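For reference, the structure is listed below as structure tokens.
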Amino acid sequence: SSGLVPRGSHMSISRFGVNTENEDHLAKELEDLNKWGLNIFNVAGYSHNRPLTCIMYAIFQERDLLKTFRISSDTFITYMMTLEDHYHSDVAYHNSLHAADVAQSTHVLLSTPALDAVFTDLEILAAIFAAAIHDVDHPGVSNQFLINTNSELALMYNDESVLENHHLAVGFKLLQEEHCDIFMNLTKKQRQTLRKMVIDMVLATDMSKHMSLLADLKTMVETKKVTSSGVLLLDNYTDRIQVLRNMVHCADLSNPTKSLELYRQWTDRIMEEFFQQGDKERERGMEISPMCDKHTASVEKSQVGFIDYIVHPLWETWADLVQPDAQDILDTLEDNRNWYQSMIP
Ligand SMILES: COc1ccc2c(Nc3c(Cl)cncc3Cl)cc(=O)oc2c1OC1CCCC1
Ligand SMILES: [Mg+2]
Ligand SMILES: [Zn+2]
């Protein structure tokens, strides 16, 4: 059988989009599965554009989660393909590629030396799952757009974290489609605890919560306890879920910390989507939102501002918490900032 599937499994790699011509190219790419340098774009190209299902399957075999929580390859692949299918392919940034990137990045962060032996397999399961569903069924417009157009969703959720709540509703609702219950064999107590942790992590991806989230994290860094070997000590549930909230938030905001080659592609996609919203706003006779105007946009300048006000402050604190594990991410982020700095017209 293929090294891409569990030993003795009947699962066909062709089921999740991989041809024999790309098996080796993909397996090579997957040698970087546990590294920040992994190229999710190549993975997507080698799997008929199903990077989420592909990367999640690799992560779950790597972390032995299928065996730990008794999830069969069939159930897993059915759920993942169903979920990936619910990410809008025609949305420039928030499609399954973005989710695959967050999942993969979350996967790498969970293994940072400073956090070793901190999380239970269940917490690990919830973090990666949360990352995978965090933007499912995203429409390509912001919460404010949904609020202004009196979206059914916005009414339903009282204008509070409209998208995020929706991502959660969809992510869990799909567990009920045919052969999609990947949590069937967890105990009742485990499903309850996982639900709560996922809800927590996905709501924290709401940007309007960023400031509050960053503040709490800085407070934790202050009182952090560590072992002789230098490993973080997160005694209680509160500290663990707070770190996980921040971990997924960091993965969501990890574009500028990746190689410049990848970062630039991520930047083109987000700008393209923002412009899509810009056009939608014009078509509906609304005021064009900031940066959603392709005509008065300043891409380079905006990236620098995004890094100075949002990304750098967040990663500087994370780097602080898991010191010195994130120093490289910190340097790459700085190198990338200066590049965009130098490209401003
Ligand atoms: C690579 O460039 C990215 C990538 C992602 C974002 C971004 N992502 C998110 C997140 Cl993390 C959570 N909710 C919504 C968005 Cl759109 C937010 C956000 O405000 O800006 C993002 C961003 O840069 C923006 C494009 C011009 C200035 C800001
Ligand atoms: Mg989101
Ligand atoms: Zn996201």
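Count residues from 1 along the sequence. Side chains are part of it too, since the values below use all heavy atoms of this structure and drop only hydrogens, waters and symmetry mates.
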How long is the span from the [atom1] atom in [X] to the [atom2] atom in [Y], to the nearest 0.5 Å?
X: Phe306; Y: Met291; atom1: CZ; atom2: CE; answer: 9.5 Å
X: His86; Y: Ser96; atom1: NE2; atom2: OG; answer: 13.0 Å
X: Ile55; Y: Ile40; atom1: CD1; atom2: CD1; answer: 4.5 Å
X: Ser73; Y: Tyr57; atom1: OG; atom2: OH; answer: 2.5 Å
X: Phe275; Y: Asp293; atom1: CZ; atom2: CG; answer: 8.0 Å
X: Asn19; Y: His25; atom1: CG; atom2: NE2; answer: 11.5 Å

Quick check: closest heavy atoms across [X] and [Y], and the distance to 0.1 Å?
X: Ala326; Y: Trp318; result: CB-CD1, 4.1 Å
X: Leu65; Y: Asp121; result: CD2-O, 4.3 Å
X: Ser289; Y: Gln277; result: OG-NE2, 3.8 Å
X: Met11; Y: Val5; result: O-CG1, 3.7 Å
X: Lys258; Y: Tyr263; result: O-CB, 4.2 Å
X: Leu52; Y: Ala132; result: CD2-O, 4.0 Å

Are the side chain of [X] and the backbone N or O of [Y] linked by a donor-acceptor pair below 3.5 Å?
X: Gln265; Y: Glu261; value: yes
X: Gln104; Y: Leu33; value: yes
X: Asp135; Y: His138; value: no
X: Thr317; Y: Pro313; value: yes
X: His210; Y: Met207; value: no
X: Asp325; Y: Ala114; value: yes
X: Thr205; Y: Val202; value: yes
X: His312; Y: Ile307; value: no
X: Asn95; Y: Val91; value: yes
X: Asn336; Y: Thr332; value: yes

Just so I know, are the side chains of [X] and [Y] near enough to count as touching, which here means a heavy-atom distance under 4.5 Å?
X: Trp315; Y: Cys250; answer: yes
X: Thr68; Y: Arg63; answer: no
X: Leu97; Y: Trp266; answer: yes
X: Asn255; Y: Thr267; answer: no
X: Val243; Y: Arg240; answer: no
X: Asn34; Y: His107; answer: yes
X: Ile241; Y: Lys196; answer: no
X: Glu23; Y: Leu26; answer: no

Applying side chain to side chain contact (heavy atoms under 4.5 Å, CB included) between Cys180 and each of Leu175, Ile77, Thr82, report the one that passes. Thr82

Tell me yes or no: between the side chains of [X] and [Y], is some donor less than 3.5 Å from an acceptor?
X: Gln242; Y: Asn246; answer: no
X: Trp36; Y: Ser254; answer: no
X: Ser302; Y: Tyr340; answer: no
X: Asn143; Y: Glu164; answer: yes
X: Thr53; Y: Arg15; answer: no
X: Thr227; Y: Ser229; answer: yes

Would you please name every residue forming a salt bridge (charged side-chain N to carboxylate O under 4.0 Å, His left out) with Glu273, sequence neighbours left out?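 None.
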
Taking salt bridge (charged side-chain N to carboxylate O under 4.0 Å, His left out) as the test, write out the residues that go with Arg191, two or more places apart. none

Is the distance between the ring centroids of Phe172 and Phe129 less than 6.0 Å?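 Distance test on ring centres: under 6.0 Å, yes.
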
Can you give each donor-acceptor pair under 3.5 Å made by side-chain atoms of residues 211-224, sequence neighbours left out, with the distance rounded to 0.1 Å?
unit_1 : atom_1 : unit_2 : atom_2 : d
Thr219 : OG1    : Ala215 : O      : 3.4
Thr223 : OG1    : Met220 : O      : 3.4
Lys224 : NZ     : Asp320 : O      : 3.1

Other residues, nucleotides, ligands: >12 heavy atoms within 6.0 Å of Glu152 CD: no

Kindly determine whether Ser12 and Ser14 satisfy side chain to side chain donor-acceptor pair (under 3.5 Å), including the steps that lead there. CA-CA 5 Å; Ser12 176; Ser14 69; 2.8 Å; yes

Where does the angle between the aromatic ring planes of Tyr93 and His98 fall among parallel (under 30°), tilted (30 to 60°) and perpendicular (over 60°)?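 The rings of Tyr93 and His98 sit tilted, inter-plane angle from 30° to 60°.
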
Going through the checks in order, is the side-chain contact (heavy atoms from CB on, under 4.5 Å) test met by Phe69 and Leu122? CA-CA 9 Å; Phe69 296 107; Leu122 190 69; 3.9 Å; yes

List in chain and number order the residues that pass side-chain hydrogen bond (donor to acceptor under 3.5 Å, both in side chains) with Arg337, two or more places apart in sequence or in another chain; answer none if no residue qualifies. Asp308, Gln341

Quick one: list whatever passes side-chain hydrogen bond (donor to acceptor under 3.5 Å, both in side chains) with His88, sequence neighbours left out.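 Checked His88 against side-chain hydrogen bond (donor to acceptor under 3.5 Å, both in side chains); matches are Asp137.
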
Name the atoms and distances for all side-chain donor-acceptor pairs under 3.5 Å in residues 154-161, with sequence neighbours left out.
unit_1 : atom_1 : unit_2 : atom_2 : d
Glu160 : OE2    : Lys209 : NZ     : 3.2
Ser161 : OG     : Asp206 : OD2    : 2.7

What about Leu234 and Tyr237, same hydrophobic cluster or not, with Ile/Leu/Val/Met/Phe/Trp/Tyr joined at side-chain heavy-atom distances under 4.5 Å?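 Yes, same cluster.
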
